[PDB]
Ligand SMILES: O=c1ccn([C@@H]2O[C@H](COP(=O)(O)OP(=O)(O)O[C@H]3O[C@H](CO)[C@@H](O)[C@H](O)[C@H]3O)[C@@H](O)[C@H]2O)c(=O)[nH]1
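As C-alpha cells, one chain now follows by itself in the form deposited without this ligand.
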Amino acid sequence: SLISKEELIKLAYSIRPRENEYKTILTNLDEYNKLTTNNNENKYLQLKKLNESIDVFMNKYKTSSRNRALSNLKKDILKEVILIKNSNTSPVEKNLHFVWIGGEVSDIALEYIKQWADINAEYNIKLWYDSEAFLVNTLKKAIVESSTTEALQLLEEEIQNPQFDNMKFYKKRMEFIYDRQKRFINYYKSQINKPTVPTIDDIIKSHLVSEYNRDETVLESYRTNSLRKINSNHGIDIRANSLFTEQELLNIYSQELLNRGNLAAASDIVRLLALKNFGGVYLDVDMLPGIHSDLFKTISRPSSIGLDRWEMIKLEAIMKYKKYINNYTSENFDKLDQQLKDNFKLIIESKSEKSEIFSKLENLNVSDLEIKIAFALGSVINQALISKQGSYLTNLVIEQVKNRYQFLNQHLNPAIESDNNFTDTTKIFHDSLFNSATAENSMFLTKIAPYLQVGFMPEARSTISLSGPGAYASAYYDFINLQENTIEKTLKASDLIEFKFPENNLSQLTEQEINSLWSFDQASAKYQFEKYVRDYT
C-alpha cells in the first residue's frame, strides 16, 4: 500500500503553491489508495497512471523541492507492483504444454514427456503440432544438404587448404540456401490459392518429388506415420484449435514455419499462444521433473565437481538404477569415487515408486499478472514457463513479439518482395533497417540484421531478440517499471527472483537439454565444416 495523499502533502510540503502537475499526482495517488476493486490489472493500470504523472512533474520541474518525496514515492510504487502480483494468488490451470512441429516426434521426447505425465496424472498433457506441416523439417534438410554440396563443389579447390576461411563456405552456402527457399516459397505462392485448397505438406511433397528426387510414397508414409504417432501421444492440432485468433500472429507463425523453416521460432509463437488461451505450464521436451529436495540431501558434493555437473550426475544416478529413460548417459556418474556411487545406489534402491524420486507439481500458485520463467547463464530462458490464461505479462510478451516483427517486416518485406539474390536482398534490407537507427534501438537492429541466416550461419542469433528470451526480458522490464514498448532494455535473472520458475519444480540439466544447447558459434562452425569436408571426399 502507498502513503495517503495527506502524507504526501506533508512530505512534499513547500513554500511554493501546488503546481497543476502536482495536484494531478495527488489525485492519482488518492484514487489508487481508494481502490475498492481487487482485480490486479486495474490496480496495476492506476499505479502506472500515477507513475506516469510523477514523471511528468519531475521532468518539468527538475529543481523542485518536491522531487525528493516524489522520488521516494516512485520507489514505493516499484515495490507496490510486487505486492500486487503477490496478493491474490492461486494455482495455474493444470495443463502441461509441449510443442513438436514440423516432423515426427522423437521417441526420446515421448520418454521425457512420459515422466511428467506419470508424476502428474491430474495434469492434462497437450502436445501441440501442425497437422499440415509434417514435412517442413524434411524440406529444410533437403535444402541445406543440397546447398552444402553446391558450396563444396564450387569451393572444391580451396576447402582442403588448412588455412581456408570456413566463413567463405558459410556465406556461399547461404546464397544457395536463400535461392532454394525462394524457389520453394514462390512455388508455394502459386499453389496455395487453387480451388484444390492444397495443404503445406501437399505443396512440400510435390516440390520435394519435383526438385529433390524424392519418392511420393515414402514422403506420404512419413507424413501419415507422423500424424498417427502424435495423435496417439497427447497430440493436439494447432489447425483444429483456437490458438491463432487473428491474422498478424498467424502470419508471424507462417513466415517462420514456411519462409525461414525456423521451427524453434515457430514454436516460440505457439507456446505463447497456448499459454495465453489455456494457461498452464510450458516445457521444452528436454525438461524433466524436479528431484525431491531431500533425496540426496545426505550426499556431500565433492569440491572437484561444479554445481551444475552435480545436478547432472544426480539425474544420471536416478537413471542407472531405475532406467526410467532408455540409454540415459552415465558418463559423469561413472566417475569417480566408488563410495558415493554406492550411497547413490543405496538411496535410489530404497525407493519403490517414481513419485518417491520425482516431485509433483501440485498447485503452482501464481497471480493473473505474471508469467514465471526458467533461468540459464544469468538470463531468462523460455524453455519453461508458468502462466494463467490471459495473464497480463504473457500479453506483454506477445505485444513485444508483435512489435519486433512489425519493425523487422517493415524493413524486410520490400527486400523479400524484390526479385533479388541473397546478397542484394540483404543490402536492401540493411540499408532500410540501419536508416532507422536511434540510440534507443541500435543494438536491437544489429541483433536482427542477420535474420535471414538464422540456423544456416554461425552467430546469427536474431530469434533471441524477436520471439525468444529477449522479448520476455524487455516485457519484464515493461512490467517492473510500468513502461511499454521497451526495446533498449532487458531485465536479467538477477533482477527477476520474484518471477523464477520454482527450482524444486524443474530439472534443466538433463541429457537431452545439454546436447541440445549446442550453439552455432565459431567453434561449432569449424567442426561442422570439417565434417562436411571429410564426408565430401
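Residues that one form lacks are left out of the comparison. Each form is matched to the other, and the largest set of C-alpha atoms that superpose within 1.5 Å is called the rigid core. Counting begins at 1, following the sequence as shown.
K.L.:
Should the higher mean CA B-factor in the entry be assigned to 330 to 338 or to 420 to 428?
P.N.:
According to the PDB entry, the answer is 330 to 338.
K.L.:
Got a sec? Mean C-alpha B-factor, which is higher, 169 to 177 or 214 to 222?
P.N.:
Stretch with the higher mean C-alpha B-factor: 214 to 222.
K.L.:
Looking at 118, 284, 268, 132, which has the highest CA B-factor as recorded?
P.N.:
It is 118.
K.L.:
Which one of 70, 26, 475, 509 shows the top CA temperature factor in the record?
P.N.:
Result of the comparison over 70, 26, 475, 509: 509.
K.L.:
If you rank every modelled residue in this chain by C-alpha B factor, which third holds residue 488: lowest, middle or highest?
P.N.:
Tercile = lowest for this residue's CA B-factor.
K.L.:
In terms of the CA temperature factor given in the entry, to which third of its chain does residue 243 belong: lowest, middle or highest?
P.N.:
Middle third.
K.L.:
Ranked by Cα temperature factor within the chain, is residue 403 in the lowest third, the middle third or the highest third?
P.N.:
Answer is lowest: the recorded C-alpha B-factor places it there.
K.L.:
Comparing residue 279 with the other modelled residues of its chain, is its CA B-factor in the lowest, middle or highest third?
P.N.:
According to the entry, residue 279 has a C-alpha B-factor in the chain's middle third.
K.L.:
Could you say whether, by C-alpha temperature factor, residue 311 belongs to the lowest, middle or highest third of its chain?
P.N.:
According to the entry, residue 311 has a C-alpha B-factor in the chain's highest third.
Separately, the form deposited with this ligand bound exists; it is not shown, and the next lines address it.
K.L.:
Taking the partner as it appears in the deposited complex, which of 328 to 336, 366 to 374, 266 to 274, 80 to 88 has residues with heavy atoms within 4.5 Å of this ligand?
P.N.:
Selected stretch: 266 to 274.
K.L.:
Work out which of 179, 286, 202, 211 lies within 4.5 Å of this ligand in the deposited complex, going by heavy atoms.
P.N.:
Going through each option in turn, the one that passes is 286.
K.L.:
Just one of 137, 131, 95, 441 has a heavy atom within 4.5 Å of this ligand in the deposited complex. Which one?
P.N.:
None of the other options qualify; the answer is 137.
K.L.:
Given that the partner is absent here, does residue 13 sit within 4.5 Å of this ligand in the deposited complex, heavy atoms only?
P.N.:
Answer no; every heavy atom of residue 13 is more than 4.5 Å from this ligand in the deposited complex.
K.L.:
Is the gap between residue 169 and this ligand in the deposited complex 4.5 Å or less for some heavy atom pair?
P.N.:
No, residue 169 stays farther than 4.5 Å from this ligand in the deposited complex.
K.L.:
Classify residue 148 as contacting or not contacting this ligand in the deposited complex by the rule of any non-hydrogen atom within 4.5 angstroms, answering yes or no.
P.N.:
Outside the cut-off, so no.
K.L.:
Any of the heavy atoms of residue 517 lying within 4.5 Å of this ligand in the deposited complex?
P.N.:
Yes, contact at 4.5 Å.
K.L.:
Where, within 468 to 506, is there a heavy atom within 4.5 Å of this ligand in the deposited complex? Residue list please.
P.N.:
Result: 468, 469.
K.L.:
Is it true that residue 516 shifts between this form and the one not shown by 2 Å or more at the Cα, once the core is aligned?
P.N.:
Moves: yes, 2 Å or greater.
K.L.:
Closer or farther: how do the Cα atoms of residue 507 and residue 517 compare in the deposited complex versus the shown form, where the change is at least 3 Å?
P.N.:
They are farther apart; the C-alpha distance rises by 3 Å or more in the deposited complex.
K.L.:
Taking the shown form as the reference, report whether the CA atoms of residue 516 and residue 463 lie closer or farther apart in the deposited complex; the distance changes by 3 angstroms or more.
P.N.:
Compared with the shown chain, residue 516-residue 463 is closer in the deposited complex.
K.L.:
Tell me, which consecutive runs of three or more residues change place between this form and the one not shown by 2 Å or more at the CA, with the core overlaid?
P.N.:
When the rigid core is held fixed, residues 335 to 337, 515 to 524 are the runs that shift.
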